[PDB]
Amino acid sequence: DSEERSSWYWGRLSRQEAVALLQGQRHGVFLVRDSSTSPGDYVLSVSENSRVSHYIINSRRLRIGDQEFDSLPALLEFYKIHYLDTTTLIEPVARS
Ligand SMILES: [Cl-]
Ligand SMILES: [Cl-]
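Position 59 (the sequence shown) corresponds to 59 in my numbering; numbering is contiguous.
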């Protein structure tokens, strides 16, 4: 009913732009961007291991590795609770 402030979703953001935003952020700081190469898919970018990880989300059916979810919020919630490689999702990257 009411529009929300922009948060974790950045639409069609390049990998380079995602890195610019996330490099140096505390581990678990993240965003989601549209796939640059595969219409319909997404990428979860997250500060991790002192660098930036980019997890491919393949598409009510969203798959990351061997884990499937029925929505992006569900996927993000799952990885707030469960580790990816070395981090969980903590919070969306802040906007200037
Ligand atoms: Cl950290
Ligand atoms: Cl931030």
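By construction, the Cβ of each residue, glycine as well, lies at the ideal position given by its N, Cα and C atoms.
DSSP, reduced to helix, strand and coil, places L31 within a strand of the structure shown. Exclusion of the five residues before and after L21 leaves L31, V93 as the residues of its chain whose Cβ lies within less than 7 Å of its Cβ. Between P73 and the set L62, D41, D85, the nearest pair of CA atoms involves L62. Where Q67 is concerned, the enclosing beta strand (DSSP E) starts and stops at 67 to 69. Judged by beta-carbon spacing, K80 lies within the 8 Å limit of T88, meaning their Cβ atoms are closer than that value. Note: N58 is bridge-paired with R63 in the DSSP secondary-structure output. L44 has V32, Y55 as its beta-bridge partners, per DSSP. If you draw a 10 Å sphere on the C-beta of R12, you find fewer than 16 other C-beta atoms in it, and that means exposed.
In the displayed model, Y83 falls within coil according to three-state DSSP, outside both helix and strand.
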